Amino acid sequence: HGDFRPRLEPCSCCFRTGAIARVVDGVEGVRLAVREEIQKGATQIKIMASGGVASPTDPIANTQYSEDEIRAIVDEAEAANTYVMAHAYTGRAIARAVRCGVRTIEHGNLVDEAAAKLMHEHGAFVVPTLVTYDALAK
Amino acid sequence: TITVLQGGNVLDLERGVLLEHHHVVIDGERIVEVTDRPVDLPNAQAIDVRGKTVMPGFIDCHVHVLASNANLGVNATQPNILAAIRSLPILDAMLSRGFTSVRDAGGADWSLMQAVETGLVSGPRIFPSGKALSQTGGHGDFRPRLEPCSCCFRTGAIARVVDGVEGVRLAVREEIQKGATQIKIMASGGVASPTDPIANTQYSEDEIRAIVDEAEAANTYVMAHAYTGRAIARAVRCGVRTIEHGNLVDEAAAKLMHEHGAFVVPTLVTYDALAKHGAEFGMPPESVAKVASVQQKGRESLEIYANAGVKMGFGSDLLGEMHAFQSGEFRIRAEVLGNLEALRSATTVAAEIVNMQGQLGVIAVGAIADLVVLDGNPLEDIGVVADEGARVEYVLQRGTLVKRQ
Amino acid sequence: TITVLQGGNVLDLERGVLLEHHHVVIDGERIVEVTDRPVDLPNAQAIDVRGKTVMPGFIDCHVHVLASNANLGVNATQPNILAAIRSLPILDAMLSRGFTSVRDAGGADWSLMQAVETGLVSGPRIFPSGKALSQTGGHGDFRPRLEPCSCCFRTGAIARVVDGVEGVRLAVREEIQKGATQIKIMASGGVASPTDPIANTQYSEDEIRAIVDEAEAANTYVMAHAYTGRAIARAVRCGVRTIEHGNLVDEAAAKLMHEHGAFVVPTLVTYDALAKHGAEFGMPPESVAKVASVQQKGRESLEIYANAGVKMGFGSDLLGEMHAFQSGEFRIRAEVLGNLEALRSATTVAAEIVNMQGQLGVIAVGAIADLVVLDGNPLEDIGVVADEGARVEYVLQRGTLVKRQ
Amino acid sequence: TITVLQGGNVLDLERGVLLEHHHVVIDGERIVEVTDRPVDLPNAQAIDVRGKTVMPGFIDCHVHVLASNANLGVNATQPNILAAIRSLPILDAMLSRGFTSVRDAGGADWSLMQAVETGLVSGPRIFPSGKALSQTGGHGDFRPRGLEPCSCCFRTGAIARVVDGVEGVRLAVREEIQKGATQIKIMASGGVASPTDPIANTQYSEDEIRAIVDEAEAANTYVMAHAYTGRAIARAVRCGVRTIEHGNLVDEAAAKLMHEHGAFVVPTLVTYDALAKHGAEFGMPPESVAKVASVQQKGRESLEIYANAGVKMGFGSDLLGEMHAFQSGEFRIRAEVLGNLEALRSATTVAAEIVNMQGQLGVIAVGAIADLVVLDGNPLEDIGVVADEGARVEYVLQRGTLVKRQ
Ligand SMILES: [Zn+2]
Ligand SMILES: [Zn+2]
Ligand SMILES: [Zn+2]
Ligand SMILES: [Zn+2]
Ligand SMILES: [Zn+2]
Ligand SMILES: [Zn+2]
Ligand SMILES: [Zn+2]
């Protein structure tokens, strides 16, 4: 959901201040990236854990990151006494993310009650963002 | 507007009969009516299909559209534009043979699939794998027996070499970003590659599992090249959906396959072709050495699969000028299982493999209008489909008529 | 075997007259006889050409065969196999307009050349430049106004970016290894690039001299893109042999060009097309700001060149769907210099540019059978050529007949 | 629409006289009339400038807009988005003092230029250099005497980049021009604000400099060059650099050579006074303030040498950090040696020539761009009406529109 490359590859050495996301894969890759972000003084960690609307190549129904990666990220955030926030639409995408230990779910427009129940139980929060969809409608 | 195939004998595959003098009505790209009514045609393109079999367009679940010559090593090193050009005839010939859809097993990309869909290029609908994943020294590694590798994708390479869990994870995420519809791996040694004996397994289980997971994360599946029962069993246990070739199964592995709900796509016709014109068409001499063994159990494997109840899809896997023999696989399969089965393999079972059950491989209301009009009855003579081409005189694709023969 | 175009009016260009009812005799790929003899036809393919002009195939000295859309930036970034596919119509159309040879000004390679020569693909013989050389921020640099840089050659890319004496030396050596027939460089600001104003020069004299040398070492020459008299003069003084566009010469630069024996290839049609459909066909707004100025002196320059006695070749340089207007350059030139000269630019002078003196661009004994058959006389009505292919009904290429219209 | 400054005393600079009660009529972004012919347009938008001097807006030929603190080492290492933010008050303040154009001498890029031109940000028009070119250990190289690691990407707070070698510089110039520099800045000498280079010695080979000049000329611009001594100056000019920065230690030999080649100078005397008082105080390293003692001596003196050899002089300040406030003081310093006509010429007619905008800026004439300052008093007799930190300028107009009311 953060990869804005159109449908060749090798990206990009260094960070543009206009960039929302960075692209990192792999357990050691994410682990580092979280440590880098916390060093640079983030207060919490955002990940994309499902497809979205604003990115070119990902349909919304599919999931992002392995459970190993997400678990590594949640651990590195907890290690710095903070939490992970996670962008995620479907109940399938939410449920996994929550059980990997993420604390807040962003958007969450397509929950079933099963995933909702799991959220409540784990004590995870949701941050709906309904207004953006009406604006992107018009 | 709107089209009617009138007076045909519509092949219904789940009941296993022709339905004579049934009309089929196409609106846009979809089939709207199948009936033996006198039908109410005002502004319909009538095409008269009296006493000729009309069946769903064929689906081939294992092609390499870009294999324009039998030495895959030298196929990879041909210049890009030239690799692309040489695939254009291959795509045309397939379509004229009745094949309105193909699953490409490494080579074709999303661009090629777009080129047929926008109509820039004549061919079957492509379901591209992107590039097959291969471990180092694997069935996709075409380096001879020193190697530093190679940081740019040649458009005529069938495969790419990637090792390790994060390596393969990233490669799948790449391939799906570039727009693969499914993921191909090499889970065993093969024939067309320099260094791997056929009995050996490829990729650890951690690698395969990682790959399967990334495919499922993008709501698709992994197809896996595998010969022996050992190489098949572990691939299926890791979660691969379709097995390619599969010539050396035991019934143990077939039972496991059936239990997991895994498909096979045998490609027997490629071994018969590689037998006759192997070293002749420029495939390296020690690769034709390996081709002797797999074709033996080839027909025998078909029986094991049917006995275990494992669904079987149609596949050629022909390379280079041997691409002509594509339709002969129908015969090969009809000789072992009934020619009802042979036709089912390329239609209903196929459509399921590519997740288009109800969309392709069946003449029914709501389905896509990918039709073949056939001079004769395939249900009694398999030769009407299995003769290089010959006896197919209409090919319809997504509503429109693309071949008149 | 053997072919006769009988009873045509053969255009002889150095005398400037039609030769009525002269038969032309083709054996293999070569012209064997040109005569008004009743000719001794036993087994020849007679094609009747009574009352129709037969002239050499046209040679366009500046095309971009791969420029399939007007934004050369986005052209570069389109997928490889698509870039290749999309050039096929472009090549086909050029030929059917009567162009049997093109010199490609960056984009096309040896593989494309081969595709047409082996007859895998329809179109003109190509004299490929490989990739246009361009300094950073130069006319072939398509990055917008803090830049990371790439390392693999996209097949839609017109240019590559190389700087430094050694860098350009290596680049020339590389291009010729890959099979370039001549070397293209950008020696000045242009129109189709984002960051360079047209008035300024590109590459040091050191870099250009090195490039020319590496060219000459492979017994070929350099073609140079250049507008103003200042940018031109220094390129000629470094020893570049052809000068592309050249819209803003003064007579001091023209005189020098004459003195050194340097050609020009103006490309006037492309500015008229970019005038009408510039921002309309997807070329960036600040590039069409730059197209206003160069077309002004465009026609005027031809007179300057003619006056100082500088040999002029035919060039279109059209991009994207504007490729159709190719023949229109005949009109534009015929309106300023006679339509003799206009025809000379695409035949006798053109062949000299590509070093095929006596091989192409002349109907004579021993020359290559690249013929156009024309319904009308171009020596009086230039429109019989300059009408997008309307009045050309036969195109012969290396002996064989390729267009019947 | 249309604007009139009415009844102003229009400074004409080539004659050196006020023209009292002349009206100046702006249409769009251009000046269309300077006259005393009563103007008849009610549709206009008018501003009463009775008994007030209206002159062209000032141009400063040497600033570092991004130098938000006096330690250029630590300026380079500040986070990007902060580096940007902190330059906004600097820009806004320069504009209020009457500077409507500035030539940035490394730091500011094309993005900043755009930000003011599209009006996203308040400040003078910028003529960006991008980044100053410097050799290793050069006036641009802020690495301590170690060492030799490091550096990947361009920090937006960095004044310079280090590049060495003929091809290296050639490529760097092309890069800088592609990124949208209007001219090229190089260090051709030791300096004051860098750790390792004593001011006496020269920087860059003649091959390097001459390659730099060529690439700049190929892009129809010029090279500006930082140099102190007559030795360092002469060779720079021999290699074809068009303007020389600072130049505090000329001999009349170099000056004469400068006049001959048509090369300009931009002294920046004010910065050395500021670094004298508040040098080590505002956080510039203790051995950089050791170097500042010497250059200010010959500073005032050099002005006379330049005048004598007839070498054109442009206004420059080159202030760092909070010392940015002293910008206008450079007028008084220059007035005290050469006439205050000359002081005003340096920031107008001469400056606009330096930035190749002769006739476009620095002159109130028909067809020129409407960059105007309205001044309470007459600078031709009291230089303090300009040299007193924004005190006596109550109107600033930029490309037609009014941007400061004070
Ligand atoms: Zn989000
Ligand atoms: Zn295979
Ligand atoms: Zn295969
Ligand atoms: Zn050009
Ligand atoms: Zn061109
Ligand atoms: Zn300086
Ligand atoms: Zn400075």
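Positions along each chain are numbered from 1 by the written sequence. They may not match the entry numbering, and residues without coordinates are not shown. Whichever chain is written first is A, and whichever ligand is written first is 1; the rest continue in order. Bear in mind the chains here are only a fraction of a larger assembly, and the values reflect that fraction. Side-chain metrics rest on all non-hydrogen atoms present in the structure, leaving aside hydrogens and water. Residues with missing side-chain atoms are left out of burial classes, side-chain pairs and their counts.

As documented in the archive entry, the model was determined using X-ray crystallography at 2.63 Å resolution.

Visitor: Would you mind showing me how to read the environment of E216(C) here?
Guide: Residue and element names in this part refer to chain C. Tracing the backbone through its elements, the reader meets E216 in helix α5 (residues 205–217). By relative accessible area, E216 is classed as partly exposed at 48%. Spatially, the C-alpha atoms of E216 and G239 are 9.8 Å apart, while their sequence positions differ by 23 residues. Working definition: helices are DSSP H or I runs of at least four residues, strands are E runs of at least two. Numbering for both runs from the N terminus. Relative accessible area decides the class of each residue, using a 1.4 Å probe on protein chains only: under 20% of the type maximum gives buried, over 50% gives exposed, and in between gives partly exposed.

Visitor: Please clarify how the state of the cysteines should be interpreted in this entry.
Guide: Two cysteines joined by a covalent bond between their sulfur atoms form a disulfide. Criterion for a disulfide: a pair of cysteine sulfur atoms at a distance within 2.5 Å. This model, assessed by the stated rule, comprises two disulfides over all chains. Paired through a disulfide, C14(A) and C153(D) show a sulfur-sulfur distance of 2.0 Å. Sign of the S-S torsion, about -135 degrees for the bond between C14(A) and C153(D), identifies this disulfide as left-handed. You can see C14(A) sitting in the segment before α1 (27–39) and its partner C153(D) sitting in the loop between β9 (132–134) and β10 (160–162), one on each of two chains.

Visitor: What should I look at first to understand the domain arrangement of chain D in this one?
Guide: Often, the extent of an interface is quoted as the loss of accessible area upon association of its parts. Residues and elements named next belong to chain D. Start and end positions for the domains come from either an automated domain assignment or a database one. Domains assigned within chain D are domain 1 (1–57 + 359–406) and domain 2 (58–358). Here the C-alpha centroids of domain 1 and domain 2 sit 29 Å apart. Taken together, the 32 residues of domain 1 in the interface contact 31 residues of domain 2. Here the buried area means the combined drop in accessible surface, using a 1.4 Å probe, for two parts upon being joined, counting both sides. Both sides together, the interface formed by domain 1 and domain 2 hides about 2,500 Å², and carbon and sulfur atoms give 62% of it. Looking only at domain 1, the three residues that lose the most surface to domain 2 are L13, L361 and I383, adding up to 22% of its buried area. The working definition used for a salt bridge is a side-chain nitrogen of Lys or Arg within 4 Å of a carboxyl oxygen of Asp or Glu. Seen at the junction of domain 1 and domain 2, the total is three salt bridges. Here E389 makes a salt bridge to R97, at a shortest N to O gap of 3.0 Å. Residues adjacent in sequence count toward polar contacts only when both atoms are side-chain atoms; beyond that, a polar contact is any pair of N or O atoms within 3.5 Å, and within protein one must be able to donate a hydrogen and the other to accept it. For the interface between domain 1 and domain 2, the tally reads 13 residue pairs in polar contact. No other element matches strand β16 (residues 393–398), which puts four residues into the side of domain 1 that touches domain 2. Any two residues whose heavy atoms approach within 4.5 Å are treated as being in contact.

Visitor: In this structure, what is going on with helix α2 (residues 80–96) of chain C? I would like to understand it.
Guide: An α-helical turn contains 3.6 residues, so a residue and the one three or four places further along point in the same direction. Residues and elements named next belong to chain C. To estimate how far a helix should reach, multiply one less than its number of residues by 1.5 Å. The end-to-end C-alpha distance of α2 is 26 Å, a good match for the 24 Å that 17 residues give at a rise of 1.5 Å each. Burial runs high along α2: 13 of the 17 residues are buried. Following α2 by one or two positions, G98 has its phi on the positive side, about 100 degrees.

Visitor: Any chance you could explain helix α9 (residues 269–276) of chain B here in plain terms?
Guide: Within α9(B), burial applies to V269(B), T270(B), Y271(B), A273(B) and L274(B). If you follow the buried residues of α9(B), they end up packed against β12 (222–228), β13 (242–248), α10 (291–308) and α11 (328–336) of chain B.

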